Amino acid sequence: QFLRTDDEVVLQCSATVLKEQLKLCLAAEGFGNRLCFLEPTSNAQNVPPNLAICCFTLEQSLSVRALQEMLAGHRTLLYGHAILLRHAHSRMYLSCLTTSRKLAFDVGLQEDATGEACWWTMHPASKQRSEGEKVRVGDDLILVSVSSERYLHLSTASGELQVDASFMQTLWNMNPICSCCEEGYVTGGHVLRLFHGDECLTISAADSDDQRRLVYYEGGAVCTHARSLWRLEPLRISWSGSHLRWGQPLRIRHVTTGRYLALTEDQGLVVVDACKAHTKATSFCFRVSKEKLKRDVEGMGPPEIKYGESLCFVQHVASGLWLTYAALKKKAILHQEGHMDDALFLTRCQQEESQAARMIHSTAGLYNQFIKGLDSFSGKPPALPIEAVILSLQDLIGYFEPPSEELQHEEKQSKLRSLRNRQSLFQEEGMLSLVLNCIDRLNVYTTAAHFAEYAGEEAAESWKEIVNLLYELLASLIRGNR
C-alpha cells in the first residue's frame, strides 16, 4: 500500500489518442538509445505490452537536506523526497538531459548515477496528500527534476507522443511492479530456464533451418547459452512481478529472439512474433498435476512455486494441452495427455547472463533494421538508424573492452572470466555474423562518397565511423581474453 525503496515501479500517465483514454508507461531502451519514450500498456489482451523496459527500481528516497549532503534500505517514500530511479532493463538511471528535440529538456538515461541530473523530487497532485506524508500506491503525483527544476511531462507534438522535462505538469502514477519477495520463489518478470530431468527448454541456434520458430528439449552446452533463456510474464500490469501461483495464466517470452511461446492452429506448438502473440494462443500456467482443476491479490501474493524444488507441469490455458516432448534433441509439442515425466523444474538465471541475453535482443533488432535499410537501396540511387547504430557499437565496444592491464591479478582474472562468458553468449547467438553482414554490406562501397550515391551525404557523413566501429566490435568479440 506504501512504496518502499528497492520496490519496482512503472511510471504511468494518461492520454486520449483517437478519442479514447489510453494509459501508457515511461520506457527507455538503454544501449543504442538513451532517450525515453512511452509504451502503451492498454492493449494487453491482443499484444503483450513491453513492460520489461518500463520497470524502474526505487534505489533511494532522500530528504533534500540529505540529498544536498550527499553531493560532497527499506525507507518509505515520503512526499518531498528526491528519488533515484534505476532502469531495470539497462541498469541505468532516469535523468534529465541537456539536449532538446519551445523551452524543454530531453528525458532519458544516465550510464552512471552522477550529479543532480538523475534525481526527481515527488510532490502531491492534490489536497489529499501533504509534504512529509508517505506516498501511497496508486497515487497520482508530480515529479520535479532536481537539476533543471522542470516537470516530468508527456508531450503531444505534433502527431506522436513523447516525454520531456517541461514547465507543464503531467500527473504520474507509480504502479507497483514488485516488492520484497520470498527467497527462492518464482515471481513474474523473472528470466529463467525450464529443465527436464541436462535437458532444458530452448529454440534452435542462430541461422537454423527452423527460422528459430520451433521449441526443443536439448542437453549439453545449451543450458549455459542464451537461447535457452525465458522471461515469465503474467497477464497483469500491476504486481506483475508478484510471486507466481499455480494455475495463474502467463506468457512465456523467449529472451534473445523476443518471440512468445504459443499454440497455433497450423504449426502447433511454436514460438510467435510479439504482434501475433494474443492471449488465447499465448497463455500458459504451471500445474502441480495433470488432474481436472482464483481472483488475483493486489500485492506480492502467497509464495507458491520454488526454484529448483518445485516440479511444474506446463499447460496451455485455452486448450488445456500439456507441454511435452515428441521422442539428444526432442521437439517440444503440446499434447492432450502428454507424458508421465513432463514435469519441469525452474532455475533462475543470473544477472550477467540475463542482461547479455537482453542486450543480444536489442542489438540483433537494431542491426537487422540497419541491414534492411542497406538492402532496401542496393542497386537503387527508409531512414537508416545511424545515430543508434553508432551509439550501440560504442556501447558494446566498452562492454567487451578487456580490463586495464595495470590491475591486481585476483580481480583481473575474475573480470576476464566474465568477459569471456559475456563474449561466448554473444558469439553463440551469431553476433559475429551480424557484425560481418553489416561490414560486408557497407564494404560494397569503395569511397564514403560512393555510399552517398545510394544513401545521401548526411547518412554517408558517418560511413567511415560505422565501419571502424564495426571492425572494432568484431575484434572485441573475437579477442581471446585469456
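From 1 onward, residues are counted along the sequence shown.
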Report task. Between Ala327 and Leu328, count the deposited residues left without coordinates and pick a bin: none, 1 to 3, 4 to 9, 10 or more. Result -> 10 or more
Query raised in the report: Deposited residues absent from the coordinates between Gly197 and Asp198, none, 1 to 3, 4 to 9, or 10 or more?
Result: 1 to 3
Report summary line: As the entry reports it, the stretch among 421-429 and 36-44 with higher mean C-alpha B factor is 36-44
Query - Mean C-alpha temperature factor, higher of 23-31 and 447-455 - result: 447-455
Query - Candidate residues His74, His339, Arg213, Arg236, the one whose C-alpha B factor the record puts highest - result: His74
Report summary line: Highest CA B factor of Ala157, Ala356, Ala343, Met174, as deposited, is found at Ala157
Query raised in the report: If you rank the chain by CA B-factor, which third does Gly132 end up in: lowest, middle or highest?
Result: highest
Report task. Please rank the C-alpha B-factors of the chain's modelled residues and tell me whether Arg101 sits in the lowest, middle or highest third. Result -> highest
Report task. Taking the chain's C-alpha temperature factors as the reference, tell me which third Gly188 falls into: lowest, middle or highest. Result -> lowest
Report task. Select lowest, middle or highest to describe the third in which the CA B-factor of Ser95 falls within its chain in this entry. Result -> middle
Query raised in the report: Based on the entry's values, in what third of the chain does the Cα temperature factor of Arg295 lie: lowest, middle or highest?
Result: highest
